[PDB]
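Student: In the deposited numbering, the protein residues as written are 697 to 746, 752 to 864, 868 to 871, 874 to 985, 1007 to 1017. Ideal placement from N, C-alpha and C gives every residue a C-beta, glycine not left out. What follows is a structure written as structure tokens; I'll ask about it next.
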Amino acid sequence: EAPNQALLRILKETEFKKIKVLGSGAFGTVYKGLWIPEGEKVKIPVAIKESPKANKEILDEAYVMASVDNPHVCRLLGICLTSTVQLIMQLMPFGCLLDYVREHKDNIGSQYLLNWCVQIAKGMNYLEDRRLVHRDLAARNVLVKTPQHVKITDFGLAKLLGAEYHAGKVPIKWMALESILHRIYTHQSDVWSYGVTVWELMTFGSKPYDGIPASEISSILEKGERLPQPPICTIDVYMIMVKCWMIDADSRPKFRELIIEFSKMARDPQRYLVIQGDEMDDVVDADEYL
Ligand SMILES: */C(=C\C(=O)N1CCCC[C@@H](n2c(NC(=O)c3ccnc(C)c3)nc3cccc(C)c32)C1)CN(C)C
């Protein structure tokens, strides 16, 4: 009911230089680019994401992105209204945490793993405060700014609630039972996804329910079957994931409490995660351009 005073910044085609192509898929095309804000005398490294139905959707993704401000959520720097709609957002130099955990398995420590968990839990709790259900929380949708700093992305599904959301193609494997069965989406349904996300990291990017068709997941979870205990996980950690995968959504841990546990755990990570051998000129990062 609070009026959304977020400002939407329109950018000049000329204001920024499109460098390389970070990636092209179903979601669209992402480009590595530089943004020079006119008289500003700053260079901002950015990522530029590029039909009326297509244009409608991208703008709603912009509406959500502009309305958020958190050290653990991807920021919209502005939009460019050309022949095509482009979202200009802070460049995350290390891409998605999924590829990162996959590509750096042998050098990823328990301290990092446990902190990533805090950082996600934090962001998710911010989106909770902002009455916004993510609906698509995965390790692929969590970007790496620095290995010491991760931020939540992909607000294409994000739904801003007011005073259980009722709903296209969907993940299934990160989805909660009620979401699969009844398209009921809540912050606690995001807790399920967070649990799954943790499982992805503790397995160093293992595919959830590998070799199981999505049409089977429904009955599987109804039967009481869940994702197994990742080898690096002490029972203390696996229990947290197991609490996210409860049938009663009120029995799922609150994001504010997951922040607590994971922080307690990151105060001594080796007790909780058992990993083998655990022991150009005027450039400014967006996080410093306010
Ligand atoms: C995860 C895919 C993956 O790692 N990316 C997600 C989408 C494509 C871009 C890619 N990428 C970026 N992205 C951003 O900087 C960015 C910033 C803000 N919002 C968005 C949506 C994107 N930056 C990158 C730097 C280096 C390499 C790459 C690839 C990169 C990240 C796994 N997939 C399932 C394969």
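Looking at residue 790 and residue 777, is the spacing between their C-beta atoms short of 9 Å?
Tutor: To locate residue 777, count along the sequence shown from 1; it is residue 76. To locate residue 790, count along the sequence shown from 1; it is residue 89. Yes. Within cutoff.
Student: With a CB to CB cut of under 7 Å and the five nearest residues on each side skipped, what residues in its chain are close to residue 702?
Tutor: For the purposes of this step, residue 702 is identified with residue 6 of the sequence shown, where counting begins at 1. These residues qualify, in order along the chain: 767 and 768.
Student: Going straight from the alpha carbon of residue 849 to that of residue 963, what length do you get?
Tutor: The count along the sequence shown starts at 1 and reaches residue 849 at position 148. The count along the sequence shown starts at 1 and reaches residue 963 at position 257. Near 22 Å, if we compare the C-alpha coordinates of residue 963 and residue 849.
Student: Reducing DSSP to helix, strand and coil, say where residue 712 ends up.
Tutor: Here residue 712 refers to the residue found at position 16 of the sequence shown. Residue state, collapsed to three classes: strand.
Student: In terms of alpha-carbon separation, which member of 734, 903 and 759 lies closest to residue 859?
Tutor: Along the sequence shown, one-based indexing puts residue 859 at 158. Taking only the C-alpha atoms, the option nearest residue 859 is 759.
Student: Could you name each continuous alpha helix (DSSP H) segment of 4 residues or more that falls completely within the stretch 893-979, going from the start of the chain to the end?
Tutor: Counting only runs of 4 or more, we get 893-908, 920-928, 941-950 and 961-972.
Student: Would you report the Cα separation of residue 983 and residue 910, rounded to the nearest angstrom?
Tutor: In the sequence shown, counting from the first residue as 1, residue 983 sits at position 277. In the sequence shown, counting from the first residue as 1, residue 910 sits at position 204. Going by the C-alpha atoms only, they are around 15 Å apart.
Student: Could you have a look at residue 743 and say whether DSSP puts it in helix, strand or coil?
Tutor: Taking the sequence shown and counting its residues from 1, the one referred to as residue 743 is at position 47. The answer is strand: DSSP assigns residue 743 an E or B state.
Student: Does DSSP classify residue 812 as helix, strand or coil?
Tutor: For this step, residue 812 is matched to residue 111 along the sequence shown. Three-state DSSP puts residue 812 in a helix.
Student: Which residue from 931, 937 and 738 puts its Cα closest to that of residue 811?
Tutor: What you label residue 811 is simply residue 110 of the sequence shown in a count that begins at 1. When each option's Cα is compared against that of residue 811, the closest is 937.
Student: Measure the CB-CB distance between residue 772 and residue 1014 and report whether it falls below 9 Å.
Tutor: Position 71 of the sequence shown, counted from the start, is the residue given in the question as residue 772. Position 287 of the sequence shown, counted from the start, is the residue given in the question as residue 1014. Yes, the Cβ-Cβ distance between residue 772 and residue 1014 is below 9 Å.
Student: Compute the minimum distance between the beta carbon of residue 794 and the heavy atoms of ligand 1, and state whether it is under 8 Å.
Tutor: As a working note, residue 794 is residue 93 in the sequence shown. Under cutoff, so the answer is yes.
Student: Residue 792 lies in the beta strand (DSSP E); which residues open and close that run?
Tutor: Counted from its first residue, the sequence shown places residue 792 at position 91. Residue 792 -> no beta strand (DSSP E), and no H or E assigned at all.
Student: Going by DSSP, name the residue or residues bridged to residue 852.
Tutor: Taking the first residue of the sequence shown as 1, we reach residue 852 at position 151. According to DSSP, residue 852 bridges with 844.
Student: Let me make sure I understand the geometry here. Which of 798, 1017 and 932 has the alpha-carbon closest to that of residue 918?
Tutor: Counted from its first residue, the sequence shown places residue 918 at position 212. Answer by Cα proximity: 932.
Student: Tell me, which residues are paired with residue 1010 by DSSP?
Tutor: Against the sequence shown, residue 1010 aligns to sequence position 283. Bridge partners of residue 1010: 739.
Student: Apart from the five residues on each side of it in sequence, which residues of its chain come closer than 6 Å, Cβ to Cβ, to residue 981?
Tutor: Numbered from its first residue, the sequence shown carries residue 981 at position 275. The answer, listed in chain order, is 811 and 938.
Student: Would you kindly report the start and end of the unbroken alpha helix (DSSP H) that includes residue 754?
Tutor: For this step, residue 754 is matched to residue 53 along the sequence shown. Counting along the chain, the alpha helix (DSSP H) containing residue 754 begins and ends at 753-767.
Student: Comparing C-alpha positions only, which one of 742, 891, 916 and 903 sits nearest to residue 829?
Tutor: For this step, residue 829 is matched to residue 128 along the sequence shown. Out of 742, 891, 916 and 903, 891 has the C-alpha closest to the C-alpha of residue 829.
Student: Got a sec: does ligand 1 put a non-hydrogen atom nearer than 8 Å to the Cβ of residue 722?
Tutor: Along the sequence shown, read from residue 1 onward, the residue named residue 722 stands at position 26. No, the beta carbon of residue 722 sits no closer than 8 Å to any heavy atom of ligand 1.
Student: Can you look up residue 806 in the DSSP assignment and give me helix, strand or coil?
Tutor: Along the sequence shown, one-based indexing puts residue 806 at 105. In this structure, residue 806 counts as helix in the three-state DSSP scheme.
Student: Beta carbon of residue 787: closer than 8 Å to some heavy atom of ligand 1?
Tutor: The residue given as residue 787 occupies position 86 in the sequence shown. Result no, Cβ not under 8 Å from ligand 1.
Student: Locate the beta strand (DSSP E) running through residue 777, then write down its first and last residues.
Tutor: On the sequence shown, position 76 is the one that residue 777 refers to. Per DSSP, residue 777 belongs to the beta strand (DSSP E) from 777-782.
Student: For the structure I just gave you, are there three or more beta carbon pairs, one from the stretch 710-730 and one from the stretch 812-820, closer than 8 Å?
Tutor: The answer is no - the stretch 812-820 does not touch the stretch 710-730, with fewer than three Cβ pairs under 8 Å.
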